[PDB]
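Peer 1: First the structure, which I've put down as structure tokens, then a few questions once you've had a look.
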Amino acid sequence: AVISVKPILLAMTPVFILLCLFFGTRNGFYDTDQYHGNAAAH
Amino acid sequence: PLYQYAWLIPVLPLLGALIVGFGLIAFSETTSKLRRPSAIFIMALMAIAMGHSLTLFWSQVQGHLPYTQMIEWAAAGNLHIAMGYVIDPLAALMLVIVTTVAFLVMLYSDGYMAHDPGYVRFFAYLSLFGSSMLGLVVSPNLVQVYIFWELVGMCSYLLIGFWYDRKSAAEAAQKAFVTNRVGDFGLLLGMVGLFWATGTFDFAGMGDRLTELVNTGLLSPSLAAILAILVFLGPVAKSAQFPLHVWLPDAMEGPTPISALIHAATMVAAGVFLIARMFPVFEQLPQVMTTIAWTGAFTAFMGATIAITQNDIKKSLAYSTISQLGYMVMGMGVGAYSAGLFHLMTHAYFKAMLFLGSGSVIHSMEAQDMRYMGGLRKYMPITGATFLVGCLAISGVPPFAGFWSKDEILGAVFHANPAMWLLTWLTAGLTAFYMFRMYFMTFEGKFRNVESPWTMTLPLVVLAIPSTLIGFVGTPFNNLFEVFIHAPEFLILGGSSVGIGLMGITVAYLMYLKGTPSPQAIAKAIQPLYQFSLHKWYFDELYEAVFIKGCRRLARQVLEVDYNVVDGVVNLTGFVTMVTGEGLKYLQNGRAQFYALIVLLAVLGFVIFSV
Amino acid sequence: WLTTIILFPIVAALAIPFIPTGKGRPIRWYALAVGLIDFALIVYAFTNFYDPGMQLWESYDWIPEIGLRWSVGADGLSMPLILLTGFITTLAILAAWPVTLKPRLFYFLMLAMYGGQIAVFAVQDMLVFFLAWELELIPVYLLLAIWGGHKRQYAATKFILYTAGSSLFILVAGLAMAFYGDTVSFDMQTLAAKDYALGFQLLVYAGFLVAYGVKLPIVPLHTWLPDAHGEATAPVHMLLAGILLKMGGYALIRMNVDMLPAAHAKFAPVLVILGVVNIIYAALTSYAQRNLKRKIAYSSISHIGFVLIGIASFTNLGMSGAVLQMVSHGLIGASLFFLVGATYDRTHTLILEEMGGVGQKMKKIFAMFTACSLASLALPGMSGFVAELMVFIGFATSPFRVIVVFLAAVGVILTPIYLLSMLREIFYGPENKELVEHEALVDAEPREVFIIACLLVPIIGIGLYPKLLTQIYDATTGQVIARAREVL
Amino acid sequence: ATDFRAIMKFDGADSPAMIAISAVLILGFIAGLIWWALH
Ligand SMILES: CCCCCCCCCCCCCCCCCC(=O)OC[C@H](CO[C@@H]1O[C@H](CO)[C@H](O)[C@H](O)[C@H]1O)OC(=O)CCCCCCCCCCCCCCCCC
Ligand SMILES: CC1=C(/C=C/C(C)=C/C=C\C(C)=C\C=C\C=C(C)\C=C\C=C(C)\C=C\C2=C(C)CCCC2(C)C)C(C)(C)CCC1
């Protein structure tokens with residue numbers, strides 16, 4: 001027998017999209033607690 | 001039935017750690033303050049594994065043939081890769097050893113770890129260790145004896161570097177990883193060779209194919225021997241044998257429960273475990289058995305000589321277990337397949353007892369030095385008594401198991417190559433000496449410089465029961481260990497060991513208890529071999545001098561070649577096509593007459609090579 | 001499908017210049033939604049992807065006067081990498097939240113080089129291949145030169161110069177194979193089915209090699225990499241190190257093993273000794289380098305040698321080891337350079353001896369970084385080891401292949417040297433004094449942990465049951481290597 | 001160069017002479033091996 005990636009992907013990627021949009025909101029250090037910088041490395 | 005969900009054994013602890021891992025990353029504060037229920041959860045997982053392994057061991061001693069259930073892991077056109085499990089009796093034995101020691105030590109470390117950050121990460125690491133080693137044991141083939149054989153190495157890296165606040169633990173973990181990656185280099189070359197030559201990796205076909213090919217030509221005699229010692233170069237790193245021994249004692253900067261698993265017959269045993277499951281590559285090669293045997297012998301003499309002059313208890317037990325691993329590797333070398341594992345099954349118990357007692361006393365020391373802990377046992381009855389039992393185990397006094405182990409191996413060494421006897425014999429004397437000065441300096445006398453839990457002490461008794469009762473499954477009148485573990489009158493020999501052990505314990509009694517000789521002036525005098533063997537046989541300084549300097553200088557030797565001889569050559573292209581532009585513009589000079597020249601004289605050359 | 005996949009990010013990127021704002025917040029959500037929708041298009045066009053050849057190809061005609069055709073094509077050899085870019089560029093965008101300096105240009109160029117990275121795999125025309133190979137220059141140039149680094153001047157200039165002057169023989173070679181005979185092919189398949197004489201097979205081969213060995217940096221064709229990957233922020237770097245090197249490796253496979261096999265059989269030992277040189281060279285230069293990022297860049301240079309060896313073998317296993325290594329390093333190095341960027345953001349420092357014991361307060365990045373570091377080296381249970389093992393097995397199964405294995409296995413010892421020394425130098429030990437008064441970053445906001453967890457799930461799922469990634473191209477790689485052995 | 005100031009503190013490694021007689025060994029090593037490989 002053999003296992004296929006197709007239903008695995010179909011089950012994972014909606015969760016990925018939703019959690020991506022969710023954890024986009026959850027944030028921290030970069031907002032105000034520190035980090036006067038601007039994401040440039042100079 | 002069982003034997004179908006045997007793959008379930010590594011998965012329950014792992015799963016536990018996995019969950020708890022997702023609990024240490026996400027929801028950190030809860031799982032950091034949720035200390036004991038996670039502990040007993042992981043303990044329940046390991047207990048299910050222990051019961052499962054015990055039922056397998058009982059069904060296998062009762063009677064059955066092995067049941068392997070493999071699966072194709074990595075595929076290609078013609079060849080294949082298999083990765084599953086087999087359950088032979090040796091695997092069940094090592095499995096039950098791992099599970100019992102891990103359960104008892106997890107209970108122990110419920111008490112060793114006081115109010116302390118890292119009480120759950122510890123058990124996560126330790127359950128990952130359980131999964132890794134339990135999966136190493138259940139292995140039909142060799143590729144799966146590299147996967148878990150390195151997962152256990154990284155888990156040792158983690159456990160050693162638990163107290164990342166410190167500096168010595170970091171260096172120790174780096175060292176104990178790099179040395180095992182040298183071992184990986186060896187075993188990886190060996191695996192790739194044994195696949196290049198034979199065409200399979202199953203520990204049984206690998207011997208049939210080798211003897212078949214060597215009956216014909218196509219590789220011999222040292223073209224089947226170079227890729228058989230490389231396989232042995234893994235255990236040399238993982239079982240701490242000569243010359244890759246420096247990593248083990250420096251791994252004692254980590255905690256004591258850790259140092260009790262990965263110095264019992266749980267991790268370092270993996271080396272000899274490999275040597276057990278590869279005798280159908282070594283039996284048809286007497287050119288390397290000798291190498292293995294003398295390696296183990298020199299390791300034994302090393303670890304016996306270094307531990308005497310040490311004063312740190314844990315760092316002394318390190319060289320002790322190195323020596324006992326040397327005895328086992330010796331037994332592996334000269335023939336004996338069912339006598340090295342007896343010492344293994346005995347050494348996974350009393351050495352763990354000694355480490356756990358060391359953890360108890362060093363925990364009740366408010367350190368770590370035998371010179372600054374005098375007569376205990378006025379407040380440490382249980383720990384002292386059980387330490388004493390484990391101390392009797394690793395020496396003569398025949399009712400204890402270690403005599404029944406270090407009599408079979410010595411008999412095998414005497415019947416075959418007795419020259420290697422009379423060095424191992426005095427080495428057993430040295431064992432009897434250092435292990436009893438470790439007691440007379442530590443649990444008897446007057447408490448020199450300047451009190452025992454319950455959870456921390458039950459495991460010591462539960463392991464004292466084996467360490468007194470394991471010897472009686474050997475005993476060559478009704479030997480059951482040799483019949484259940486097979487490879488694919490004696491008083492003149494045995495009593496000599498007890499007599500030499502009596503010499504050792506007597507010289508230790510009259511020298512550290514009262515000290516009618518001069519322990520200081522025997523070394524504060526002409527004798528310089530206290531400095532030597534207290535600088536631990538300068539190997540450490542040797543490697544730190546010639547090897548660590550080598551790569552560290554070669555890296556610059558290459559990098560400046562990179563930044564100058566390679567980079568400058570191409571930046572020179574930009575320089576050239578820049579200075580060309582800087583110097584060609586002078587052709588343009590701001591003169592109409594110069595154009596009048598190089599307009600019509602710019603041509604009239606185009607007529608000369610034309611007609 | 002592929003045309004929608006390539007043009008929707010670019011077309012939707014042209015909306016950003018007229019998109020409301022008060023400070024710069026609603027741009028990144030738009031970019032992320034575009035990336036996620038396009039990844040959904042990938043995985044939904046992957047349902048109708050049966051698993052030997054182009055399982056879907058949509059041709060058209062722009063210029064019949066040359067031979068230029070918009071010949072998109074998926075394949076077993078090109079679909080994993082399409083998935084990889086669609087996932088990892090999305091996560092770069094999900095890593096580039098704090099970008100406040102010119103975010104419009106950021107999330108325009110990032111989406112432009114999101115179609116400029118799926119196109120190079122979903123293209124079968126040798127002129128459009130050149131087009132898509134070339135259009136990574138200006139976006140990467142601006143991504144390096146504006147935000148990221150102090151030496152970014154020299155880095156970006158050197159990048160664009162070398163990846164133009166060595167994006168140079170690709171067109172020449174496509175032409176040189178296009179008009180050998182009496183057919184103006186300009187197509188992968190139609191041009192692989194032609195009989196090329198040895199006298200210029202091994203010349204067009206070197207033409208391909210000068211291009212495919214600077215982006216897949218080999219012996220000296222690497223000096224752009226430390227400067228372009230050192231002076232670069234994290235989300236830029238995830239793309240630059242996880243896709244473009246894979247672009248070089250992919251194009252090397254498809255243009256030098258299906259299309260010049262007779263010269264491949266004669267030059268492959270060169271690739272092999274070059275690969276082991278690459279490993280040892282990069283590992284030593286990484287253990288010597290002290291900053292923080294150049295180290296991991298040389299680690300990437302080290303890890304590419306397995307690809308060189310696996311392609312320069314000739315069995316059905318080394319090729320899969322190469323592709324598995326590619327999909328592995330794309331997932332590993334991304335998390336590594338992300339964590340390096342984060343550590344710099346919290347410390348405002350890269351140099352190692354200038355910081356220590358930071359893992360007492362910043363004790364969330366330490367675990368994630370330790371895990372990705374264990375994943376860098378050939379640790380079992382992960383895809384970094386399956387690739388190495390398959391490379392060793394497949395190559396040895398085929399320069400009297402016993403010395404080169406001995407030299408390539410030195411990496412097994414030599415990778416943890418600098419990785420664990422880096423960990424020791426940074427996170428272990430006692431906390432620094434007030435010399436580090438940057439307030440140790442509030443340990444990885446959940447948003448970083450999600451990035452690395454979603455990069456660290458697929459890698460373990462591969463390392464345990466690798467066939468998941470190998471089910472994709474067992475057929476295509478089988479046909480390729482059957483061809484390349486049929487010649488010999 | 002002056003940037004490489006750490007435990008990597010070997011003095012006689014940045015000089016042009018030592019760089020030359022190091023690059024000689026490295027280039028000759030790869031060259032001996034490419035000749036070994038072709039033939
Ligand atoms: C369906 C298939 C399932 C199979 C899955 C297979 C993969 C298995 C993964 C299991 C992972 C088990 C390890 C979990 C331990 C996590 C510890 C943790 O997060 O500490 C996180 C700790 C959190 O800190 C802890 O909690 C509190 C936090 O405030 C305290 O303050 C202390 O920090 C400490 O108590 O971080 C640190 O403070 C110290 C970090 C130490 C470094 C740990 C890195 C270890 C990473 C090992 C990962 C190896 C995995 C790859 C190998 C895969 C093998 C197959
Ligand atoms: C999407 C995608 C993919 C994938 C797929 C697959 C392959 C899957 C698999 C999957 C699987 C089969 C799963 C498994 C699972 C596992 C897990 C779940 C584990 C791990 C995780 C975790 C748990 C983590 C955590 C952590 C962190 C985060 C940090 C550090 C520490 C730790 C580790 C703890 C691919 C690659 C194709 C491509 C791209 C896209």
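Following the order of the structure tokens, chains are lettered A, B, ..., residues in each are numbered from 1, and ligands are numbered from 1.
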Dump as an MDAnalysis selection string the residues of chain A that approach chain B to within 12 Å, counting only C-alpha atoms.

Peer 2: chainID A and resid 1:3

Peer 1: So that I have them on file, write out the residues from the current selection with C-alpha atoms, as a CSV table (one decimal), in the first residue's frame.

Peer 2:
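Produced file result-v7.csv, reproduced below:
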chain,number,residue,atom,x,y,z
A,1,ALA,CA,0.0,0.0,0.0
A,2,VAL,CA,0.9,3.7,-0.2
A,3,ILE,CA,-0.3,7.0,1.3

Peer 1: Counting only C-alpha atoms and all ligand atoms, name the residues that have an atom within 6 Å of an atom of ligand 2; the answer should be given as a list in words.

Peer 2: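 Residues satisfying the distance criterion: residues 9 of chain A; 18, 21 and 22 of chain B; 83, 84, 87, 367, 368, 371, 449, 452, 453, 456, 457, 458, 460, 461, 462, 468 and 469 of chain C.
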
Peer 1: Neighbours of ligand 1 within 6 Å, counting only C-alpha atoms and all ligand atoms, as a ChimeraX atom specification?

Peer 2: /B:17-18,21,24-25,28-29,32,117-118,121,124-125,128 /C:363-364,366-367,370-371,381

Peer 1: Find the residues around residue A:17 up to 10 Å (only C-alpha atoms counted), leave out those fewer than 6 positions away in its own chain, and share them as a ChimeraX atom specification.

Peer 2: /C:32-33,35-37,39-40,90

Peer 1: Interatomic distance between atom CA of residue C:281 and atom CA of residue C:324?

Peer 2: 22.4 Å

Peer 1: For chain D, which residues have at least one atom within 9 Å of chain B, if we go by only C-alpha atoms? Write them as a PyMOL selection string, please.

Peer 2: chain D and resi 1+4+7-10+13-14+16+18-20+22-23+26

Peer 1: Check the smallest atom-to-atom distance from each of C:416, C:404, C:270, C:454 to residue A:15 using only C-alpha atoms, then report the winner.

Peer 2: C:454

Peer 1: Quick one: distance from atom CA of residue C:272 to atom CA of residue C:218 in Å, one decimal?

Peer 2: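 Going from atom CA of residue C:272 over to atom CA of residue C:218, I get 10.7 Å.
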